[PDB]
Each structure stands twice: as C-alpha cells, then as structure tokens.
Amino acid sequence: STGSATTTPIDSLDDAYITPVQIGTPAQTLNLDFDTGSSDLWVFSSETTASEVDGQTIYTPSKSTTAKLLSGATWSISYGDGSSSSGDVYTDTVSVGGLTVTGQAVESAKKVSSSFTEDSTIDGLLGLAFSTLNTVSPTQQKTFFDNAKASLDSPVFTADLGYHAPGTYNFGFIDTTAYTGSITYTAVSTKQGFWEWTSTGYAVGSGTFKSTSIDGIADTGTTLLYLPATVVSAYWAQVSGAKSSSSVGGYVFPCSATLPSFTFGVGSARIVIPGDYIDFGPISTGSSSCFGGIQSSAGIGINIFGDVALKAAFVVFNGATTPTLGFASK
C-alpha cells in the first residue's frame, strides 16, 4: 500500500508546513506538522486547557468509535524556554493520504506551551524520527511510519517541500517524475534517534567548494539551516552589510541585498539552495533589516538541515533495516 498527501506552507515565509491527517472513526481531519526531528504524534484535543486553545482544530476522542484510552500512559516533550507539552495517550485509527494505520498512539495534549497556542494553523505534530525518541511512559510507542512499514510497498517516505508553494509527502513509493537526474544516497546514523548524516562540504555562491565533513540531521520540523560558526561566517561575509545581532539573535542583512546561493554536498553530488530561499523577511514590520535563513548551530549543539535546505531537494527517507537518506535535485 501507499499514501500521498499535499503539504502547504502556513504563511508567506514558509515557517512551517501543515499536512491534513484523518484521525478516528468517523474521520476527524487535523492539520499536522510533519516533523522528522521528533517521534511523537500529539494533537490539540478536547482535553487541552481551554485557555491554551486559540483557533486550532481539536481531536475529540469521545466522538471516535475506535479511540481507546491507553491506561496510565503519559507523555511529555520538552522545549526551549523550559516550556513543555504533555498529556495522556489514546490509540486510534490514523490515515495519511489514503494510507491507514490502526492502533496508532495518538497523544492528547492536556497542556501546551504558549508558542503552540499562538500558532492557530498547526493542530499538532506527526513525528517521523526513529521510535527510540518517543516520550510515552512507561510503554514507549511507535511512530506512524514504523506502524505503517510492514504494509508499505517500499519502506520509504519522501519529502518534496515547496518554495512558497504546496508540496508532497509520499509514503511507500518514490515518484520518479518529481526529480531530475539521479538520487544520491548517503549513510544514516541512528545512534541519537535522528535522521543523522554527514554532508561532504559546502560552497558560497560561485566560490570554490570546500571539502569538509558536516554532521547534521534532516529535520522537516525546523525552519532554518543551522551550521557551524565557521561556515555561517563565510556565507554572510559575502553579503554587504550583514552582521550578527545579539538583540535579534542571529545574522541579519539589509533587505535590499541580493543573497548568494548556498551549496551543500551529498557524497559527490551537490544541492544548490537559491539565495532567495535564505531571505526570511524583515525582523519587524516596516524594518529595513531582514532575517537570514542560515544561522549558527553553536548554541544548539547539533547541525540542522531544516526546511531551508530540504525544500531545495527531493529527499528520500529510506527506512530499510540499514536506513539511508537520498537527495536529488528538482
């Protein structure tokens, strides 16, 4: 079996992408953020503190004839400012673009951090990292992909994110009409539970390619591209007037500047990020300072190939017994 679903940017800056997901019987459709950097499927629900719900569509387990409370199970996922989202766990039927899984753990949020409350267009997250990161206690639960693996024609899913445009998540097959050239596959380390791989280097604009190993994770749930300080400094040095701002928290640049492209290596292949993809607009309404899409990972502790990088490619998440990542130009 296979599944295919359209994913849509939530705003004009491609800050995040939402994908419709059917939960329960009869179906309740929620718009979830597909996140290859986490492993929990959690949703706003009828159990969420009413003051923390601001326009989201909520999952109501009492109206689903297939929902079952998972007795005594809880979940808790931690975030930046010490905030956390947490709640209890149901099992229910979950379908993505025609692909149906029964008995999927659906984590119902009892409380969510303010950042999720402020974002009325995201009804929850669907984690697609490896199941060892799932936070359900005392019994860890499997991801949607892990539960679907057996019935898929091929144990893969692909991410084809659009630039200011809709895109596609496919499960169980590789659409050979969605990319050009060849898919280059590279080894994945699962030791930390992420889709972790090693880029072979980078180039800024039309400059020389620098061969250097950059270990990082493919994370559809992160907007920007976070790279080592040396790489990020070399990029912004080519943008006249760009500087690192502590008040803003990263590199900013004059909105009138034209940004150079950024190339990253996948084996012997090269993926080029057009400069327009790195522009994330004015830091505040009316400002002539614009926020950069490539930022330093020094404070994060891990390099993250987020949406900025992934939307420049067709990306294969190969969940075979030896997992790999595939990149193709498109």
# chains A, B, ... in the order shown; residues from 1 in each chain; ligands from 1
call {"tool": "residues_around", "arguments": {"residues": "residue 218 of chain A", "least_positions_apart": "6", "cutoff": "8 Å", "atoms": "only C-alpha atoms", "output": "list in words"}}
result
residues 36, 37, 194, 195, 196, 197, 304, 305, 306 and 310 of chain A
call {"tool": "write_last_selection", "arguments": {"atoms": "C-alpha atoms", "output": "PDB file, in the first residue's frame"}}
result
ATOM      1  CA  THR A  36      11.379  14.231  11.043  1.00  0.00           C
ATOM      2  CA  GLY A  37      13.162  15.598  14.141  1.00  0.00           C
ATOM      3  CA  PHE A 194      17.592  11.233  14.299  1.00  0.00           C
ATOM      4  CA  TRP A 195      17.950  11.026  10.531  1.00  0.00           C
ATOM      5  CA  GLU A 196      21.609  11.914  11.008  1.00  0.00           C
ATOM      6  CA  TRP A 197      24.049  12.057   8.097  1.00  0.00           C
ATOM      7  CA  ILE A 304      20.267  21.003  11.442  1.00  0.00           C
ATOM      8  CA  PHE A 305      19.403  20.754   7.751  1.00  0.00           C
ATOM      9  CA  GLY A 306      15.962  22.314   8.118  1.00  0.00           C
ATOM     10  CA  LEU A 310      15.363  20.319   2.337  1.00  0.00           C
TER      11      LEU A 310
END
call {"tool": "closest_atom_pairs", "arguments": {"of": "segment 42-85 of chain A", "to": "segment 22-32 of chain A", "cutoff": "7 Å", "atoms": "only C-alpha atoms", "output": "CSV"}}
result
residue,atom,partner,partner_atom,distance
A:57,CA,A:30,CA,6.3
A:59,CA,A:28,CA,6.8
A:64,CA,A:25,CA,4.8
A:65,CA,A:25,CA,5.6
A:66,CA,A:25,CA,5.9
A:67,CA,A:24,CA,6.5
call {"tool": "residues_around", "arguments": {"residues": "segment 154-162 of chain A", "least_positions_apart": "6", "cutoff": "7 Å", "atoms": "only C-alpha atoms", "output": "MDAnalysis selection string"}}
result
chainID A and resid 168:174 311 314:320
call {"tool": "write_last_selection", "arguments": {"atoms": "N, CA and C atoms", "output": "JSON list (two decimals), in the first residue's frame"}}
result
[["chain", "number", "residue", "atom", "x", "y", "z"],
["A", 168, "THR", "N", 4.56, 17.78, -1.37],
["A", 168, "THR", "CA", 4.01, 16.44, -1.26],
["A", 168, "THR", "C", 4.84, 15.61, -0.29],
["A", 169, "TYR", "N", 4.16, 14.89, 0.60],
["A", 169, "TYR", "CA", 4.74, 13.79, 1.35],
["A", 169, "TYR", "C", 4.17, 12.49, 0.79],
["A", 170, "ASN", "N", 5.04, 11.60, 0.33],
["A", 170, "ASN", "CA", 4.63, 10.30, -0.19],
["A", 170, "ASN", "C", 5.14, 9.20, 0.74],
["A", 171, "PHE", "N", 4.33, 8.16, 0.90],
["A", 171, "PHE", "CA", 4.68, 7.01, 1.73],
["A", 171, "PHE", "C", 4.61, 5.75, 0.89],
["A", 172, "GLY", "N", 5.70, 4.99, 0.88],
["A", 172, "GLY", "CA", 5.71, 3.68, 0.26],
["A", 172, "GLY", "C", 6.19, 3.62, -1.17],
["A", 173, "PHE", "N", 6.50, 4.76, -1.80],
["A", 173, "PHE", "CA", 6.98, 4.73, -3.17],
["A", 173, "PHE", "C", 7.77, 6.00, -3.46],
["A", 174, "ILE", "N", 8.59, 5.93, -4.50],
["A", 174, "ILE", "CA", 9.40, 7.05, -4.96],
["A", 174, "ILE", "C", 8.86, 7.50, -6.31],
["A", 311, "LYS", "N", 13.89, 21.93, 1.20],
["A", 311, "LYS", "CA", 12.97, 22.29, 0.13],
["A", 311, "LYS", "C", 13.69, 22.56, -1.19],
["A", 314, "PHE", "N", 14.60, 16.95, -3.55],
["A", 314, "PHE", "CA", 13.69, 15.83, -3.34],
["A", 314, "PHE", "C", 14.42, 14.86, -2.42],
["A", 315, "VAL", "N", 13.81, 14.54, -1.28],
["A", 315, "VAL", "CA", 14.52, 13.87, -0.19],
["A", 315, "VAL", "C", 13.83, 12.54, 0.10],
["A", 316, "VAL", "N", 14.61, 11.46, 0.05],
["A", 316, "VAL", "CA", 14.11, 10.12, 0.32],
["A", 316, "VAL", "C", 14.55, 9.70, 1.71],
["A", 317, "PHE", "N", 13.59, 9.34, 2.55],
["A", 317, "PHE", "CA", 13.86, 8.81, 3.88],
["A", 317, "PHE", "C", 13.66, 7.30, 3.77],
["A", 318, "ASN", "N", 14.76, 6.56, 3.64],
["A", 318, "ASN", "CA", 14.71, 5.12, 3.38],
["A", 318, "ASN", "C", 14.81, 4.39, 4.71],
["A", 319, "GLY", "N", 13.69, 3.83, 5.16],
["A", 319, "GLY", "CA", 13.64, 3.17, 6.45],
["A", 319, "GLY", "C", 13.89, 1.68, 6.39],
["A", 320, "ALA", "N", 14.71, 1.23, 5.45],
["A", 320, "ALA", "CA", 15.13, -0.16, 5.41],
["A", 320, "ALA", "C", 15.95, -0.50, 6.66]]
call {"tool": "residues_around", "arguments": {"residues": "residue 98 of chain A", "least_positions_apart": "2", "cutoff": "10 Å", "atoms": "only C-alpha atoms", "output": "PyMOL selection string"}}
result
chain A and resi 1-5+21-22+94-96+100-101+171
call {"tool": "residues_around", "arguments": {"residues": "residue 104 of chain A", "least_positions_apart": "4", "cutoff": "9 Å", "atoms": "only C-alpha atoms", "output": "PyMOL selection string"}}
result
chain A and resi 41+90-94+141-144+147
call {"tool": "write_last_selection", "arguments": {"atoms": "N, CA and C atoms", "output": "PDB file, in the first residue's frame"}}
result
ATOM      1  N   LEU A  41       3.374  11.639  17.989  1.00  0.00           N
ATOM      2  CA  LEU A  41       2.179  12.138  17.309  1.00  0.00           C
ATOM      3  C   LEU A  41       1.276  12.718  18.391  1.00  0.00           C
ATOM      4  N   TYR A  90      -4.177   8.083  23.688  1.00  0.00           N
ATOM      5  CA  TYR A  90      -5.166   7.178  23.126  1.00  0.00           C
ATOM      6  C   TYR A  90      -4.536   6.390  21.987  1.00  0.00           C
ATOM      7  N   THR A  91      -5.169   5.275  21.644  1.00  0.00           N
ATOM      8  CA  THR A  91      -4.915   4.611  20.377  1.00  0.00           C
ATOM      9  C   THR A  91      -6.132   4.801  19.485  1.00  0.00           C
ATOM     10  N   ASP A  92      -5.883   4.991  18.195  1.00  0.00           N
ATOM     11  CA  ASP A  92      -6.965   5.258  17.260  1.00  0.00           C
ATOM     12  C   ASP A  92      -6.469   4.963  15.855  1.00  0.00           C
ATOM     13  N   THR A  93      -7.398   5.010  14.908  1.00  0.00           N
ATOM     14  CA  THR A  93      -7.063   4.837  13.504  1.00  0.00           C
ATOM     15  C   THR A  93      -6.586   6.166  12.935  1.00  0.00           C
ATOM     16  N   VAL A  94      -5.476   6.131  12.203  1.00  0.00           N
ATOM     17  CA  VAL A  94      -4.870   7.326  11.627  1.00  0.00           C
ATOM     18  C   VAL A  94      -4.602   7.063  10.152  1.00  0.00           C
ATOM     19  N   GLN A 141       5.982   4.132  22.504  1.00  0.00           N
ATOM     20  CA  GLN A 141       5.108   3.867  21.371  1.00  0.00           C
ATOM     21  C   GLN A 141       5.839   4.092  20.054  1.00  0.00           C
ATOM     22  N   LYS A 142       5.324   3.459  19.003  1.00  0.00           N
ATOM     23  CA  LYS A 142       5.910   3.522  17.671  1.00  0.00           C
ATOM     24  C   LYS A 142       5.377   4.723  16.896  1.00  0.00           C
ATOM     25  N   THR A 143       6.187   5.213  15.960  1.00  0.00           N
ATOM     26  CA  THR A 143       5.736   6.286  15.085  1.00  0.00           C
ATOM     27  C   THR A 143       4.776   5.748  14.026  1.00  0.00           C
ATOM     28  N   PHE A 144       4.083   6.681  13.367  1.00  0.00           N
ATOM     29  CA  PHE A 144       3.205   6.335  12.254  1.00  0.00           C
ATOM     30  C   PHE A 144       3.953   5.563  11.175  1.00  0.00           C
ATOM     31  N   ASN A 147       4.687   1.975  12.325  1.00  0.00           N
ATOM     32  CA  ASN A 147       3.486   1.151  12.272  1.00  0.00           C
ATOM     33  C   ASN A 147       3.085   0.830  10.836  1.00  0.00           C
TER      34      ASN A 147
END
call {"tool": "residues_around", "arguments": {"residues": "residue 252 of chain A", "least_positions_apart": "2", "cutoff": "8 Å", "atoms": "only C-alpha atoms", "output": "count of residues only"}}
result
11
call {"tool": "closest_residue", "arguments": {"among": "A:298, A:188, A:13, A:178", "to": "residue 232 of chain A", "atoms": "only C-alpha atoms"}}
result
A:298
call {"tool": "residues_around", "arguments": {"residues": "residue 239 of chain A", "least_positions_apart": "6", "cutoff": "9 Å", "atoms": "only C-alpha atoms", "output": "list in words"}}
result
residues 253, 254, 257, 258, 259 and 260 of chain A
call {"tool": "write_last_selection", "arguments": {"atoms": "N, CA and C atoms", "output": "PDB file, in the first residue's frame"}}
result
ATOM      1  N   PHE A 253      20.583  41.133   7.647  1.00  0.00           N
ATOM      2  CA  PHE A 253      21.194  41.742   6.474  1.00  0.00           C
ATOM      3  C   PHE A 253      20.261  42.806   5.920  1.00  0.00           C
ATOM      4  N   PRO A 254      20.794  43.804   5.215  1.00  0.00           N
ATOM      5  CA  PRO A 254      19.926  44.822   4.607  1.00  0.00           C
ATOM      6  C   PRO A 254      18.980  44.185   3.603  1.00  0.00           C
ATOM      7  N   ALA A 257      19.734  43.805  -0.078  1.00  0.00           N
ATOM      8  CA  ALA A 257      20.815  42.975  -0.585  1.00  0.00           C
ATOM      9  C   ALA A 257      20.263  41.803  -1.385  1.00  0.00           C
ATOM     10  N   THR A 258      21.061  41.333  -2.339  1.00  0.00           N
ATOM     11  CA  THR A 258      20.788  40.092  -3.050  1.00  0.00           C
ATOM     12  C   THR A 258      21.645  38.994  -2.439  1.00  0.00           C
ATOM     13  N   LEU A 259      21.015  37.877  -2.100  1.00  0.00           N
ATOM     14  CA  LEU A 259      21.775  36.883  -1.354  1.00  0.00           C
ATOM     15  C   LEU A 259      22.418  35.874  -2.299  1.00  0.00           C
ATOM     16  N   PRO A 260      23.643  35.447  -2.008  1.00  0.00           N
ATOM     17  CA  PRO A 260      24.252  34.378  -2.801  1.00  0.00           C
ATOM     18  C   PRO A 260      23.623  33.034  -2.472  1.00  0.00           C
TER      19      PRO A 260
END
call {"tool": "atom_distance", "arguments": {"atom1": "atom CA of residue 146 of chain A", "atom2": "atom CA of residue 182 of chain A"}}
result
26.8 Å
call {"tool": "closest_residue", "arguments": {"among": "A:145, A:235, A:42, A:202", "to": "residue 128 of chain A", "atoms": "only C-alpha atoms"}}
result
A:145
call {"tool": "decode", "arguments": {"residues": "segment 156-308 of chain A", "atoms": "C-alpha atoms", "output": "compact mmCIF listing (two decimals), in the first residue's frame"}}
result
# COMPACT_ATOMS: atom_id res chain seq x y z
CA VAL A 156 10.34 4.69 2.45
CA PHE A 157 8.78 8.10 2.61
CA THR A 158 9.76 11.16 0.59
CA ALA A 159 9.61 14.89 1.32
CA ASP A 160 9.08 17.29 -1.60
CA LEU A 161 8.65 20.68 0.09
CA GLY A 162 7.71 23.69 -1.99
CA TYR A 163 9.17 27.18 -2.03
CA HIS A 164 6.20 29.48 -1.30
CA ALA A 165 4.08 26.71 -2.83
CA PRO A 166 2.46 23.39 -1.88
CA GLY A 167 4.43 20.17 -1.83
CA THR A 168 4.01 16.44 -1.26
CA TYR A 169 4.74 13.79 1.35
CA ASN A 170 4.63 10.30 -0.19
CA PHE A 171 4.68 7.01 1.73
CA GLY A 172 5.71 3.68 0.26
CA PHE A 173 6.98 4.73 -3.17
CA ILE A 174 9.40 7.05 -4.96
CA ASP A 175 7.81 9.30 -7.59
CA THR A 176 10.37 9.26 -10.41
CA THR A 177 8.65 12.25 -12.09
CA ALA A 178 9.25 14.59 -9.13
CA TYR A 179 13.03 14.98 -9.51
CA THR A 180 15.75 15.34 -12.14
CA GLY A 181 18.93 13.33 -12.55
CA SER A 182 19.89 10.66 -10.03
CA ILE A 183 19.16 10.17 -6.35
CA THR A 184 22.37 10.14 -4.31
CA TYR A 185 22.08 8.03 -1.15
CA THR A 186 24.17 8.58 1.97
CA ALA A 187 24.58 6.68 5.22
CA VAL A 188 22.37 7.39 8.23
CA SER A 189 23.41 7.08 11.87
CA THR A 190 20.51 6.28 14.21
CA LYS A 191 22.55 6.42 17.43
CA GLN A 192 20.77 9.57 18.65
CA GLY A 193 17.39 8.67 17.12
CA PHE A 194 17.59 11.23 14.30
CA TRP A 195 17.95 11.03 10.53
CA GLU A 196 21.61 11.91 11.01
CA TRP A 197 24.05 12.06 8.10
CA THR A 198 27.34 13.68 7.08
CA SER A 199 27.48 16.34 4.37
CA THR A 200 30.70 16.37 2.36
CA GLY A 201 31.16 20.14 2.21
CA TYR A 202 29.82 23.45 1.02
CA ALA A 203 30.27 26.39 -1.34
CA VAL A 204 29.13 30.01 -1.11
CA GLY A 205 27.78 31.46 -4.35
CA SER A 206 30.08 30.57 -7.24
CA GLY A 207 33.09 30.15 -4.93
CA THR A 208 35.26 27.08 -4.53
CA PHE A 209 33.69 24.01 -2.96
CA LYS A 210 35.19 23.36 0.48
CA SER A 211 35.50 19.65 1.29
CA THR A 212 34.75 19.25 4.99
CA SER A 213 32.56 16.84 6.94
CA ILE A 214 29.42 18.40 8.44
CA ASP A 215 27.45 16.01 10.63
CA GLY A 216 23.82 17.05 10.94
CA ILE A 217 20.21 15.93 10.92
CA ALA A 218 17.49 16.15 8.27
CA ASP A 219 14.68 17.90 10.16
CA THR A 220 11.47 18.91 8.38
CA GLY A 221 10.28 20.35 11.71
CA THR A 222 12.94 23.08 11.79
CA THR A 223 12.56 26.13 9.55
CA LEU A 224 16.15 27.31 9.15
CA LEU A 225 19.57 25.90 8.27
CA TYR A 226 21.86 25.68 11.32
CA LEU A 227 25.54 25.10 10.53
CA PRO A 228 28.92 25.52 12.28
CA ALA A 229 30.04 29.06 13.03
CA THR A 230 32.92 28.89 10.54
CA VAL A 231 30.60 28.01 7.65
CA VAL A 232 27.94 30.57 8.57
CA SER A 233 30.55 33.31 8.93
CA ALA A 234 31.93 32.54 5.46
CA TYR A 235 28.43 32.78 3.97
CA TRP A 236 27.41 36.12 5.48
CA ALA A 237 30.82 37.64 4.74
CA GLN A 238 29.68 37.73 1.09
CA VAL A 239 26.58 39.83 1.94
CA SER A 240 27.38 43.53 2.14
CA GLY A 241 26.19 44.97 5.44
CA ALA A 242 25.29 41.65 7.05
CA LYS A 243 26.14 41.24 10.73
CA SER A 244 25.37 39.09 13.75
CA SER A 245 22.92 40.83 16.10
CA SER A 246 22.58 39.79 19.74
CA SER A 247 19.30 41.67 20.19
CA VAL A 248 17.79 39.81 17.24
CA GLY A 249 19.60 36.53 17.95
CA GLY A 250 21.38 35.84 14.68
CA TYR A 251 22.62 37.19 11.38
CA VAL A 252 20.60 39.99 9.78
CA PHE A 253 21.19 41.74 6.47
CA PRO A 254 19.93 44.82 4.61
CA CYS A 255 16.68 43.84 2.93
CA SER A 256 17.91 45.43 -0.32
CA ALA A 257 20.81 42.97 -0.58
CA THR A 258 20.79 40.09 -3.05
CA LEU A 259 21.77 36.88 -1.35
CA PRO A 260 24.25 34.38 -2.80
CA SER A 261 23.27 30.76 -3.18
CA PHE A 262 24.50 28.06 -0.80
CA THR A 263 25.67 24.64 -1.99
CA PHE A 264 25.95 21.59 0.25
CA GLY A 265 27.47 18.25 -0.66
CA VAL A 266 25.82 14.82 -0.63
CA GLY A 267 28.56 12.36 -1.46
CA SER A 268 29.88 13.58 -4.81
CA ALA A 269 26.59 15.32 -5.63
CA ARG A 270 25.78 18.98 -4.96
CA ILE A 271 22.48 20.53 -3.83
CA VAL A 272 22.20 24.27 -4.53
CA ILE A 273 19.99 26.44 -2.32
CA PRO A 274 18.96 29.57 -4.27
CA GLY A 275 19.69 32.81 -2.45
CA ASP A 276 16.01 33.79 -2.36
CA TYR A 277 15.37 30.78 -0.09
CA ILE A 278 17.62 32.31 2.60
CA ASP A 279 15.62 35.57 2.89
CA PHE A 280 13.19 35.38 5.80
CA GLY A 281 11.99 38.97 5.59
CA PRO A 282 12.04 41.99 7.87
CA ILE A 283 12.83 41.36 11.53
CA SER A 284 9.84 43.58 12.37
CA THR A 285 7.08 45.17 10.32
CA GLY A 286 8.47 48.07 8.31
CA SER A 287 12.11 47.33 9.17
CA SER A 288 14.82 47.50 6.53
CA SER A 289 16.78 44.77 8.35
CA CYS A 290 15.97 41.25 7.19
CA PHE A 291 16.48 37.91 8.96
CA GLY A 292 18.82 35.31 7.49
CA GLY A 293 17.88 31.70 6.82
CA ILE A 294 21.37 30.36 7.59
CA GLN A 295 22.32 30.64 11.27
CA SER A 296 24.99 29.30 13.60
CA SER A 297 24.45 25.98 15.39
CA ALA A 298 26.95 26.85 18.13
CA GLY A 299 24.23 27.46 20.71
CA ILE A 300 22.20 24.44 19.57
CA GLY A 301 24.84 21.71 19.82
CA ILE A 302 23.82 19.96 16.59
CA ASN A 303 23.77 20.96 12.93
CA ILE A 304 20.27 21.00 11.44
CA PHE A 305 19.40 20.75 7.75
CA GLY A 306 15.96 22.31 8.12
CA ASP A 307 13.32 23.32 5.60
CA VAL A 308 15.60 25.94 4.00
